[PDB]
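Content type compact mmCIF, C-alpha atoms and all ligand atoms, from the file data-v5.txt:
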```
# COMPACT_ATOMS: atom_id res chain seq x y z
CA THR A 1 -0.78 -20.27 8.33
CA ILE A 2 -1.61 -17.56 10.87
CA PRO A 3 1.21 -17.07 13.38
CA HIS A 4 0.34 -16.89 17.08
CA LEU A 5 2.04 -14.24 19.20
CA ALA A 6 2.13 -13.70 22.95
CA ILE A 7 2.68 -9.94 22.71
CA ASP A 8 0.25 -7.98 24.89
CA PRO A 9 -0.42 -4.67 23.07
CA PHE A 10 -2.19 -3.45 26.19
CA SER A 11 0.68 -4.08 28.61
CA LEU A 12 2.59 -1.24 30.23
CA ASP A 13 5.89 -2.46 28.75
CA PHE A 14 4.28 -2.28 25.31
CA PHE A 15 3.01 1.26 25.94
CA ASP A 16 6.42 2.41 27.15
CA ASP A 17 8.01 1.55 23.81
CA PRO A 18 5.71 -0.05 21.27
CA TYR A 19 7.87 0.23 18.16
CA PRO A 20 9.91 -2.98 18.27
CA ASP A 21 6.80 -5.06 19.10
CA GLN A 22 4.94 -3.33 16.28
CA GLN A 23 7.69 -4.37 13.87
CA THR A 24 7.46 -7.95 15.20
CA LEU A 25 3.69 -7.86 14.66
CA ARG A 26 4.12 -6.53 11.12
CA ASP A 27 6.90 -8.90 10.18
CA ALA A 28 5.19 -12.02 11.52
CA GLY A 29 2.57 -11.82 8.77
CA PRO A 30 -0.27 -9.76 7.29
CA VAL A 31 -2.61 -11.33 9.86
CA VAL A 32 -1.58 -12.50 13.34
CA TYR A 33 -3.35 -14.14 16.27
CA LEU A 34 -2.88 -12.61 19.70
CA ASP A 35 -3.18 -15.50 22.17
CA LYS A 36 -3.21 -13.16 25.18
CA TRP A 37 -6.66 -11.85 24.27
CA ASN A 38 -7.92 -14.25 21.56
CA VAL A 39 -8.17 -11.67 18.81
CA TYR A 40 -6.80 -11.35 15.30
CA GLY A 41 -4.43 -8.47 14.67
CA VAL A 42 -3.35 -6.58 11.55
CA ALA A 43 -0.37 -4.25 11.94
CA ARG A 44 0.63 -3.42 8.34
CA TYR A 45 -0.82 -0.41 6.53
CA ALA A 46 -2.42 -2.47 3.73
CA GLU A 47 -4.53 -4.76 5.93
CA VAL A 48 -5.47 -2.01 8.38
CA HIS A 49 -6.64 0.15 5.48
CA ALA A 50 -8.55 -2.78 3.98
CA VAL A 51 -10.26 -3.59 7.26
CA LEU A 52 -11.17 0.08 7.74
CA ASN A 53 -12.77 0.34 4.31
CA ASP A 54 -15.08 -2.67 4.39
CA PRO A 55 -17.47 -1.93 7.31
CA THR A 56 -19.93 -4.57 6.09
CA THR A 57 -17.50 -7.35 6.86
CA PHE A 58 -15.67 -5.65 9.68
CA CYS A 59 -18.50 -4.01 11.62
CA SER A 60 -18.53 -1.54 14.53
CA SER A 61 -21.95 -2.18 16.08
CA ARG A 62 -20.57 -5.09 18.09
CA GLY A 63 -18.08 -2.70 19.64
CA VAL A 64 -14.75 -1.21 18.57
CA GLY A 65 -13.17 -2.28 21.87
CA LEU A 66 -12.24 -5.83 22.96
CA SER A 67 -15.73 -6.50 24.26
CA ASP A 68 -18.21 -8.03 21.82
CA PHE A 69 -21.62 -6.45 22.40
CA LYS A 70 -23.21 -9.71 21.26
CA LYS A 71 -21.61 -11.41 24.29
CA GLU A 72 -21.36 -8.70 26.95
CA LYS A 73 -23.26 -5.63 28.02
CA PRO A 74 -21.57 -2.40 26.92
CA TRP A 75 -20.19 -0.43 29.91
CA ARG A 76 -22.29 2.53 28.70
CA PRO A 77 -25.09 2.83 26.11
CA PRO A 78 -23.57 2.36 22.63
CA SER A 79 -22.42 5.44 20.78
CA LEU A 80 -24.88 6.25 18.01
CA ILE A 81 -22.05 6.94 15.64
CA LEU A 82 -18.82 5.10 16.61
CA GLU A 83 -20.58 1.88 17.55
CA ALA A 84 -23.15 1.96 14.74
CA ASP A 85 -22.98 0.49 11.22
CA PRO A 86 -24.60 1.84 8.07
CA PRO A 87 -27.35 2.59 7.53
CA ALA A 88 -28.11 3.44 11.18
CA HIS A 89 -24.72 5.19 11.27
CA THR A 90 -25.43 7.41 8.27
CA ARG A 91 -27.76 10.19 9.36
CA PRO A 92 -26.24 10.80 12.82
CA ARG A 93 -22.87 10.93 11.02
CA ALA A 94 -24.36 13.48 8.64
CA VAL A 95 -25.59 15.60 11.56
CA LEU A 96 -22.19 15.64 13.26
CA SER A 97 -20.52 16.46 9.93
CA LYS A 98 -22.69 19.59 9.62
CA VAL A 99 -22.30 20.60 13.26
CA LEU A 100 -18.52 20.41 12.75
CA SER A 101 -18.64 21.80 9.22
CA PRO A 102 -16.29 24.00 7.21
CA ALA A 103 -18.73 26.86 7.97
CA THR A 104 -18.50 26.21 11.68
CA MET A 105 -14.71 26.22 11.43
CA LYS A 106 -14.91 29.59 9.71
CA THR A 107 -16.86 31.10 12.63
CA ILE A 108 -14.51 29.86 15.38
CA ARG A 109 -11.13 30.02 13.60
CA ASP A 110 -10.29 33.61 14.54
CA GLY A 111 -11.10 32.88 18.19
CA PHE A 112 -9.23 29.59 18.24
CA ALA A 113 -6.20 31.37 16.75
CA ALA A 114 -6.30 34.30 19.18
CA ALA A 115 -6.44 31.87 22.10
CA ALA A 116 -3.47 29.91 20.78
CA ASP A 117 -1.37 33.06 20.36
CA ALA A 118 -2.44 34.25 23.80
CA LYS A 119 -1.41 30.88 25.23
CA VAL A 120 2.04 30.94 23.72
CA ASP A 121 2.54 34.57 24.83
CA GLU A 122 1.54 33.61 28.39
CA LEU A 123 3.90 30.65 28.40
CA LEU A 124 6.82 32.71 27.06
CA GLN A 125 6.49 34.96 30.12
CA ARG A 126 7.11 31.81 32.17
CA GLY A 127 9.87 30.35 30.00
CA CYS A 128 9.99 26.92 31.65
CA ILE A 129 6.67 25.12 31.48
CA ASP A 130 5.10 21.69 31.33
CA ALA A 131 4.16 21.29 27.66
CA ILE A 132 1.36 18.91 28.67
CA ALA A 133 -0.54 20.57 31.55
CA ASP A 134 0.32 24.11 30.52
CA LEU A 135 -0.09 23.79 26.76
CA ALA A 136 -1.34 20.47 25.40
CA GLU A 137 -4.12 20.34 28.01
CA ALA A 138 -4.50 24.05 28.71
CA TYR A 139 -5.11 25.26 25.16
CA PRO A 140 -7.88 22.78 24.19
CA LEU A 141 -9.44 23.38 27.61
CA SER A 142 -9.43 27.08 26.72
CA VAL A 143 -11.37 26.67 23.47
CA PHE A 144 -13.22 23.35 23.20
CA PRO A 145 -15.57 23.36 26.22
CA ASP A 146 -16.60 26.92 25.27
CA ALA A 147 -17.12 25.83 21.68
CA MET A 148 -19.27 22.99 23.08
CA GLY A 149 -21.25 25.54 25.09
CA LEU A 150 -20.51 23.89 28.40
CA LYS A 151 -21.00 25.82 31.61
CA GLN A 152 -17.88 26.62 33.60
CA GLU A 153 -18.64 24.45 36.61
CA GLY A 154 -17.63 20.78 36.36
CA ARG A 155 -15.18 20.91 33.47
CA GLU A 156 -12.65 19.08 35.63
CA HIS A 157 -14.59 15.91 34.72
CA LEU A 158 -13.94 16.10 30.98
CA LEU A 159 -10.43 14.66 30.81
CA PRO A 160 -11.18 11.94 33.44
CA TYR A 161 -14.27 10.87 31.49
CA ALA A 162 -12.51 10.74 28.13
CA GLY A 163 -9.60 8.81 29.65
CA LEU A 164 -12.17 6.35 30.96
CA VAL A 165 -13.79 5.97 27.51
CA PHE A 166 -10.50 5.17 25.83
CA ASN A 167 -9.38 2.84 28.65
CA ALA A 168 -12.72 1.04 28.33
CA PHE A 169 -12.00 0.11 24.70
CA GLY A 170 -9.23 -2.10 26.02
CA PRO A 171 -9.25 -5.58 27.56
CA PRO A 172 -10.35 -6.10 31.15
CA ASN A 173 -6.91 -5.30 32.61
CA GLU A 174 -6.09 -3.08 35.58
CA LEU A 175 -6.25 0.11 33.50
CA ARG A 176 -9.79 -0.71 32.41
CA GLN A 177 -11.00 -2.08 35.75
CA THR A 178 -9.73 0.95 37.64
CA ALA A 179 -11.19 3.34 35.12
CA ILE A 180 -14.67 1.91 35.36
CA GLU A 181 -14.66 1.75 39.15
CA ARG A 182 -13.90 5.51 39.31
CA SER A 183 -16.37 6.43 36.56
CA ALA A 184 -19.58 7.37 38.37
CA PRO A 185 -19.14 11.11 38.98
CA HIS A 186 -17.59 11.85 35.57
CA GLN A 187 -20.27 9.83 33.85
CA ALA A 188 -22.99 11.65 35.79
CA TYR A 189 -21.53 15.04 34.92
CA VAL A 190 -21.10 14.30 31.21
CA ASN A 191 -24.53 12.75 30.78
CA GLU A 192 -26.18 15.79 32.40
CA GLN A 193 -24.40 18.33 30.20
CA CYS A 194 -25.72 16.51 27.13
CA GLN A 195 -29.27 17.72 27.89
CA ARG A 196 -30.42 20.64 25.72
CA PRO A 197 -30.93 23.25 28.47
CA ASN A 198 -27.34 22.78 29.66
CA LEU A 199 -25.68 23.71 26.36
CA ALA A 200 -25.10 27.38 25.49
CA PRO A 201 -26.66 28.88 22.33
CA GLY A 202 -24.60 28.67 19.13
CA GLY A 203 -22.28 25.99 20.54
CA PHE A 204 -21.67 22.51 19.16
CA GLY A 205 -24.10 20.84 21.58
CA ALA A 206 -26.95 23.28 20.99
CA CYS A 207 -26.43 22.83 17.26
CA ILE A 208 -26.77 19.05 17.60
CA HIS A 209 -30.07 19.49 19.46
CA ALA A 210 -31.09 22.07 16.86
CA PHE A 211 -30.72 19.32 14.28
CA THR A 212 -33.41 17.07 15.72
CA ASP A 213 -36.22 17.96 13.29
CA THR A 214 -34.84 17.20 9.82
CA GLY A 215 -35.55 13.47 9.76
CA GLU A 216 -31.95 12.76 10.48
CA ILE A 217 -32.05 12.36 14.21
CA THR A 218 -34.74 12.54 16.86
CA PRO A 219 -34.52 14.63 20.02
CA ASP A 220 -33.82 11.49 22.10
CA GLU A 221 -30.71 10.84 19.97
CA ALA A 222 -29.19 14.26 20.53
CA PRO A 223 -27.84 13.72 24.05
CA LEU A 224 -25.80 10.71 23.02
CA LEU A 225 -24.39 12.58 20.09
CA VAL A 226 -23.33 15.41 22.37
CA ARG A 227 -21.81 12.58 24.43
CA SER A 228 -19.77 11.50 21.41
CA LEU A 229 -18.18 14.96 21.12
CA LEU A 230 -17.51 15.06 24.86
CA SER A 231 -15.93 11.63 24.59
CA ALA A 232 -13.66 12.13 21.65
CA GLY A 233 -13.32 15.86 21.28
CA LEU A 234 -10.85 16.90 23.97
CA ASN A 235 -8.30 14.29 25.09
CA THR A 236 -7.51 13.30 21.50
CA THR A 237 -6.53 16.90 20.70
CA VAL A 238 -4.48 17.15 23.89
CA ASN A 239 -2.45 14.12 22.85
CA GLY A 240 -2.29 15.47 19.29
CA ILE A 241 -0.89 18.83 20.32
CA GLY A 242 1.39 17.18 22.87
CA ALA A 243 2.70 14.85 20.17
CA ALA A 244 3.47 17.83 17.94
CA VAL A 245 5.26 19.71 20.68
CA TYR A 246 7.14 16.55 21.68
CA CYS A 247 8.18 16.12 18.04
CA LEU A 248 9.34 19.71 17.66
CA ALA A 249 11.40 19.44 20.86
CA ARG A 250 13.04 16.20 19.73
CA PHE A 251 13.61 17.34 16.15
CA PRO A 252 15.02 20.90 16.34
CA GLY A 253 15.74 20.79 12.61
CA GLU A 254 12.03 20.57 11.91
CA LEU A 255 11.26 23.37 14.38
CA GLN A 256 13.63 25.59 12.43
CA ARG A 257 11.96 24.68 9.11
CA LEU A 258 8.55 25.41 10.61
CA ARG A 259 9.78 28.77 11.94
CA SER A 260 11.06 29.68 8.51
CA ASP A 261 7.67 28.93 6.98
CA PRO A 262 4.70 28.96 9.35
CA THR A 263 2.33 27.89 6.55
CA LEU A 264 3.72 24.43 7.17
CA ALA A 265 1.92 24.41 10.54
CA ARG A 266 -1.08 22.34 9.43
CA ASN A 267 1.08 19.67 7.84
CA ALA A 268 3.45 19.69 10.84
CA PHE A 269 0.46 18.79 12.94
CA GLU A 270 -0.71 16.16 10.46
CA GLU A 271 2.73 14.59 10.47
CA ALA A 272 2.74 14.51 14.27
CA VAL A 273 -0.61 12.72 14.22
CA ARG A 274 0.93 10.14 11.84
CA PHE A 275 4.19 9.88 13.77
CA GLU A 276 2.74 9.49 17.26
CA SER A 277 -0.82 8.31 16.47
CA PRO A 278 -2.72 9.48 19.60
CA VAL A 279 -5.34 6.86 18.88
CA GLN A 280 -3.24 3.73 18.61
CA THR A 281 -5.78 1.01 18.14
CA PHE A 282 -9.40 0.18 17.39
CA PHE A 283 -11.22 -3.14 16.98
CA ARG A 284 -13.72 -4.50 14.45
CA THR A 285 -15.92 -7.59 14.65
CA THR A 286 -16.36 -9.91 11.65
CA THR A 287 -19.99 -10.27 10.51
CA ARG A 288 -19.26 -13.18 8.17
CA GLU A 289 -16.41 -15.48 7.23
CA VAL A 290 -13.80 -13.49 5.31
CA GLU A 291 -10.47 -13.86 3.49
CA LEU A 292 -7.90 -11.31 4.71
CA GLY A 293 -4.22 -11.45 3.76
CA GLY A 294 -4.34 -15.12 2.86
CA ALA A 295 -6.05 -15.78 6.17
CA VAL A 296 -9.66 -16.90 6.52
CA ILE A 297 -11.40 -15.33 9.50
CA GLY A 298 -14.61 -16.84 10.83
CA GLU A 299 -17.71 -14.89 11.85
CA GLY A 300 -17.85 -13.14 15.21
CA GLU A 301 -14.10 -12.66 15.59
CA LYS A 302 -12.52 -9.53 17.02
CA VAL A 303 -9.90 -7.90 14.82
CA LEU A 304 -7.41 -5.49 16.33
CA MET A 305 -6.18 -2.71 14.01
CA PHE A 306 -2.82 -1.17 14.87
CA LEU A 307 -3.27 2.34 13.50
CA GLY A 308 0.07 3.50 14.95
CA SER A 309 1.91 0.62 13.35
CA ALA A 310 0.17 1.17 10.04
CA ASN A 311 1.43 4.73 10.21
CA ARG A 312 5.01 3.48 10.60
CA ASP A 313 4.92 0.62 8.13
CA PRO A 314 7.97 0.88 5.86
CA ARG A 315 5.97 -0.96 3.15
CA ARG A 316 3.93 2.25 2.83
CA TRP A 317 6.20 5.03 4.12
CA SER A 318 9.72 6.12 3.29
CA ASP A 319 11.69 6.62 6.54
CA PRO A 320 8.54 6.11 8.60
CA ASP A 321 10.38 6.70 11.87
CA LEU A 322 11.47 10.20 10.87
CA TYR A 323 9.38 13.28 11.67
CA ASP A 324 9.18 15.27 8.43
CA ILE A 325 6.89 18.28 8.30
CA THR A 326 6.86 18.41 4.50
CA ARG A 327 5.96 14.71 4.14
CA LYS A 328 3.04 13.87 1.90
CA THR A 329 0.92 12.67 4.82
CA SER A 330 -2.27 12.07 2.85
CA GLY A 331 -3.40 8.52 3.49
CA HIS A 332 -2.21 8.03 7.06
CA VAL A 333 -4.82 6.33 9.30
CA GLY A 334 -4.35 8.31 12.51
CA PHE A 335 -7.91 9.63 11.98
CA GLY A 336 -9.08 6.30 10.59
CA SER A 337 -10.29 5.80 7.03
CA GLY A 338 -13.63 5.23 5.38
CA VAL A 339 -17.12 5.83 6.68
CA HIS A 340 -16.09 6.29 10.32
CA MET A 341 -13.04 8.43 9.56
CA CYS A 342 -12.81 11.07 12.28
CA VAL A 343 -15.82 13.34 11.92
CA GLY A 344 -14.21 15.93 14.20
CA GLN A 345 -10.93 16.07 12.29
CA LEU A 346 -11.55 19.67 11.14
CA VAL A 347 -11.62 20.77 14.78
CA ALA A 348 -8.54 18.74 15.62
CA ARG A 349 -6.60 20.13 12.67
CA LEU A 350 -7.75 23.69 13.39
CA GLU A 351 -6.54 23.49 17.00
CA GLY A 352 -3.26 21.90 16.00
CA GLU A 353 -2.66 24.28 13.13
CA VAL A 354 -3.14 27.51 15.07
CA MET A 355 -1.11 26.24 18.02
CA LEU A 356 1.78 25.26 15.76
CA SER A 357 1.38 28.56 13.87
CA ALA A 358 1.69 30.47 17.13
CA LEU A 359 4.80 28.50 18.06
CA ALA A 360 6.24 28.99 14.58
CA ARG A 361 5.98 32.76 14.89
CA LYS A 362 6.76 33.30 18.56
CA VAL A 363 9.25 30.66 19.69
CA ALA A 364 12.91 30.19 18.75
CA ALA A 365 13.71 27.01 20.65
CA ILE A 366 11.96 24.25 22.54
CA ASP A 367 14.35 22.38 24.81
CA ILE A 368 13.38 19.43 27.00
CA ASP A 369 14.24 20.50 30.53
CA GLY A 370 13.15 17.80 32.99
CA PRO A 371 12.29 14.11 33.13
CA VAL A 372 9.64 13.18 30.59
CA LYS A 373 6.67 11.19 31.91
CA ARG A 374 4.52 8.92 29.75
CA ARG A 375 0.80 8.37 30.39
CA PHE A 376 -0.65 4.91 30.01
CA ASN A 377 -4.03 4.33 28.39
CA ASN A 378 -5.39 1.23 26.68
CA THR A 379 -6.10 3.20 23.49
CA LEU A 380 -4.37 6.58 23.72
CA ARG A 381 -0.67 7.27 23.33
CA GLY A 382 0.65 10.40 24.98
CA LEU A 383 2.72 12.00 27.70
CA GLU A 384 1.75 12.92 31.23
CA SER A 385 4.45 15.55 31.59
CA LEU A 386 6.80 17.25 29.14
CA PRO A 387 8.98 19.84 30.89
CA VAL A 388 10.39 22.26 28.34
CA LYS A 389 12.05 25.65 28.20
CA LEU A 390 10.61 27.96 25.60
CA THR A 391 12.89 30.59 24.11
CA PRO A 392 11.22 33.58 22.43
CA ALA A 393 11.91 34.54 18.83
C1 LIG A 401 -5.83 14.45 16.92
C2 LIG A 401 -7.12 14.34 17.28
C3 LIG A 401 -8.01 13.13 16.94
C4 LIG A 401 -7.67 11.88 16.55
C5 LIG A 401 -6.24 11.32 16.39
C6 LIG A 401 -8.89 11.12 16.34
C7 LIG A 401 -8.99 9.80 15.95
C8 LIG A 401 -10.14 9.18 15.50
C9 LIG A 401 -10.19 7.91 14.82
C10 LIG A 401 -8.97 7.02 14.51
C11 LIG A 401 -11.46 7.64 14.52
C12 LIG A 401 -11.96 6.38 13.77
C13 LIG A 401 -12.81 5.49 14.67
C14 LIG A 401 -13.18 4.19 14.01
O1 LIG A 401 -12.80 3.96 12.83
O2 LIG A 401 -13.85 3.35 14.67
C15 LIG A 401 -12.27 8.76 14.99
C16 LIG A 401 -13.63 8.90 14.91
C17 LIG A 401 -14.36 9.86 15.56
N1 LIG A 401 -13.88 11.03 16.18
FE1 LIG A 401 -11.90 11.65 16.17
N2 LIG A 401 -9.95 11.96 16.59
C18 LIG A 401 -9.46 13.19 16.97
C19 LIG A 401 -10.19 14.31 17.30
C20 LIG A 401 -11.56 14.37 17.42
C21 LIG A 401 -12.34 15.55 17.73
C22 LIG A 401 -11.72 16.93 17.97
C23 LIG A 401 -13.64 15.19 17.78
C24 LIG A 401 -14.90 16.05 18.05
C25 LIG A 401 -14.87 17.38 18.23
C26 LIG A 401 -13.70 13.77 17.48
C27 LIG A 401 -14.83 12.98 17.41
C28 LIG A 401 -14.92 11.78 16.74
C29 LIG A 401 -16.15 11.08 16.54
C30 LIG A 401 -17.54 11.53 16.99
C31 LIG A 401 -15.80 9.82 15.74
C32 LIG A 401 -16.77 8.73 15.26
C33 LIG A 401 -16.85 8.86 13.75
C34 LIG A 401 -17.73 7.80 13.15
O3 LIG A 401 -17.87 6.70 13.77
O4 LIG A 401 -18.29 8.07 12.07
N3 LIG A 401 -12.41 13.30 17.26
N4 LIG A 401 -11.43 9.68 15.60
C1 LIG A 402 -12.04 8.40 18.44
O1 LIG A 402 -12.54 7.93 19.67
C2 LIG A 402 -13.93 8.02 19.86
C3 LIG A 402 -14.41 7.89 21.15
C4 LIG A 402 -15.77 7.95 21.39
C5 LIG A 402 -16.64 8.19 20.34
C6 LIG A 402 -18.11 8.26 20.64
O2 LIG A 402 -18.46 8.24 21.86
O3 LIG A 402 -18.95 8.30 19.70
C7 LIG A 402 -16.17 8.33 19.04
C8 LIG A 402 -14.80 8.25 18.81
CL CL A 403 -21.04 7.19 30.01
```
Rendering of file as structure tokens:
Amino acid sequence: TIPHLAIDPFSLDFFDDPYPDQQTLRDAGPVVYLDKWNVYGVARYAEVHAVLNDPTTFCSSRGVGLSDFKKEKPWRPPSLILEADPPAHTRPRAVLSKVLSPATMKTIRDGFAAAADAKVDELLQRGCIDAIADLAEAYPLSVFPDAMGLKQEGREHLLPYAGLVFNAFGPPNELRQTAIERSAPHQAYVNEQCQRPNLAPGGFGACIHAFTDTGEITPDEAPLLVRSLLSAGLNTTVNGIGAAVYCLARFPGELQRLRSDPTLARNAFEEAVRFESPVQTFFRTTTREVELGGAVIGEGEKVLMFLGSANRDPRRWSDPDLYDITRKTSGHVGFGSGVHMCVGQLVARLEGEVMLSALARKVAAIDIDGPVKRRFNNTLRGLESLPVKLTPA
């Protein structure tokens, strides 16, 4: 019925090259059992999409990591949005949607673009750079904390904290254990910046606190919602932009197409999100007994969704393992799908678009120039170091 596999999707070997194991997971059946961690897994697009779009059956309030909040204490107070189900999810979600609205994008777009162009100009003066530290990390650090309204002091905690959050979604392996044992100072920093007086006027955080009188959220909910943005809003974009740059360096043909038409920048970013899937996995917990892909799952079972695999499922995509910047990407699940689909995706896409636009206009070649170094995280896929040589247009 359901096949049992011994594959550990949280092992370093798996992280180093997940694609053959993801095929094995897909081809074993629509629903698999992972004996290593005692969870169900779905690795094909169809079942992942299905699970994403029925939150009643496959809930989030019992945690979207391995841990079941009904059995264990969460390592930090539950997110009011990610780890909430409707209807408790609905109004905080509505608040964050307005804080990160089309109108908000319109106010910051010029500034986000200028900073991207400035970044690429600065890098071109150096020629040989690390596309991670100097670009993928540097550019979001140059725009997102300011957009949040964070003070300057203590920003060095942001990436450590977010790494910790995504490691903590995983099983209790070494990556997770080590993360939590180092957490205290990053946690203390982030929690403190979530308080209203610590967030600059007009910024994302201040706007969340400004939203505490409409009947949607109360003032005591606002700090945790600022926490959500400080959890998900930086490192994801770093890995997104890094993915895109990695793709353009590996596929020079696509760089040349992008150069010839920079209006393809937004879709080039979208395709990179599909192709590399920064957020690889999330869990759901069953709230009742349910039929899924000919399998019957009992109540209170963890279900692991392979978003990255779903994005490379040949049942859904033609040539899924090719990077194609004119692909019809609509429908990929790199930002999820359904009621929890990434609420900050407009920010992510804005950052990616203007960075790729800047590269499209300013850079003639991106050539890998040193050993590439992958970074391991229980949930995030991305590189630690990507030495490249940039050649100006
Ligand atoms: C390339 C960049 C990003 C990727 C790949 C990504 C990925 C995701 C995914 C897959 C989900 C679905 C979670 C689920 O179904 O349980 C999600 C939700 C979420 N993301 Fe993003 N994200 C990105 C950028 C951002 C940014 C820039 C922000 C904030 C500024 C953000 C904040 C959030 C929040 C608050 C949620 C919870 C939504 C909800 O539960 O309703 N993310 N993200
Ligand atoms: C996409 O990953 C995350 C991480 C944290 C949160 C949150 O803290 O609410 C939401 C999404
Ligand atoms: Cl925390």
>> As a quick test: using all atoms listed in the file, which residues lie no more than 7 Å away from ligand LIG 402 (chain A)? Give them as a ChimeraX atom specification.
In response: /A:79-83,165-166,225,227-229,231-232,279,342
Got a sec: who's within 7 Å of residue 386 (chain A), counting only C-alpha atoms, leaving out chain neighbours fewer than 6 positions off, as a PDB file with C-alpha atoms, in the coordinates of the input?
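Saved result, out.pdb, follows:
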```pdb
ATOM      1  CA  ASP A 130       5.100  21.690  31.330  1.00  0.00           C
ATOM      2  CA  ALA A 131       4.160  21.290  27.660  1.00  0.00           C
ATOM      3  CA  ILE A 132       1.360  18.910  28.670  1.00  0.00           C
ATOM      4  CA  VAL A 372       9.640  13.180  30.590  1.00  0.00           C
ATOM      5  CA  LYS A 373       6.670  11.190  31.910  1.00  0.00           C
TER       6      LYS A 373
END
```
> Residues within 8 Å of ligand LIG 401 (chain A) (all atoms listed in the file), as a PyMOL selection string?
Replying inline: chain A and resi 52+60+64+81-84+89+93+96+100+144+225+228-241+273+277-284+307+333-349+352
> Which polymer residues, protein or nucleic acid, are no farther than 10 Å from (-19.2, -17.1, 15.2), counting only C-alpha atoms, as an MDAnalysis selection string?
Replying inline: chainID A and resid 286:289 297:301
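Selection of all polymer residues within 10 Å of ligand CL 403 (chain A) on the basis of all atoms listed in the file gives residues 75, 76, 77, 78, 79, 161, 162, 164, 165, 180, 183, 184, 185, 186, 187, 188, 189, 190, 191, 224, 227, 228 and 231 of chain A.
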> How far is it from CA of residue 199 (chain A) to CA of residue 149 (chain A), in Å with one decimal?
Replying inline: 5.0 Å
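As for CA of residue 6 (chain A) and CA of residue 35 (chain A), they are spaced 5.7 Å apart.
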First collect every listed atom of region 99-111 of chain A; then fit an axis-aligned box around them, widen it by 3 Å on each side, and give centre and edge lengths in Å to one decimal, as JSON.
```
{"center_x": -16.3, "center_y": 27.0, "center_z": 12.7, "size_x": 18.0, "size_y": 19.2, "size_z": 17.0}
```
> For residue 267 (chain A), which residue among A:327, A:209, A:182, A:26 is the nearest when counting all atoms listed in the file?
Replying inline: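 The shortest atom-to-atom distance to residue 267 (chain A) comes from A:327.
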> Nearest to residue 152 (chain A) among A:322, A:295, A:200, A:135, with distances taken over only C-alpha atoms: which residue is it?
Replying inline: A:200
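From CA of residue 221 (chain A) back to CA of residue 62 (chain A), the distance works out to 19.0 Å.
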> Using all atoms listed in the file, which residues sit within 6 Å of region 311-314 of chain A once same-chain residues fewer than 3 positions away are excluded, as a list in words?
Replying inline: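 Within the cut-off, the hits are residues 44, 274, 308, 317, 320 and 332 of chain A.
Between residue 325 (chain A) and the residues A:252, A:215, A:382, A:18, the shortest atom-to-atom distance, using only C-alpha atoms, involves A:252.
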> Nearest to residue 108 (chain A) among A:147, A:328, A:223, A:13, with distances taken over all atoms listed in the file: which residue is it?
Replying inline: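 Checking each candidate against residue 108 (chain A), we get A:147 as the closest.
Residue nearest residue 381 (chain A) within the list A:248, A:99, A:243, A:124: A:243 [criterion: smallest interatomic distance, only C-alpha atoms].
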> Could you name the residues that touch residue 34 (chain A) at 9 Å or less, counting only C-alpha atoms, but leaving out those on the same chain fewer than 4 positions away, as a ChimeraX atom specification?
Replying inline: /A:3-9,38-41
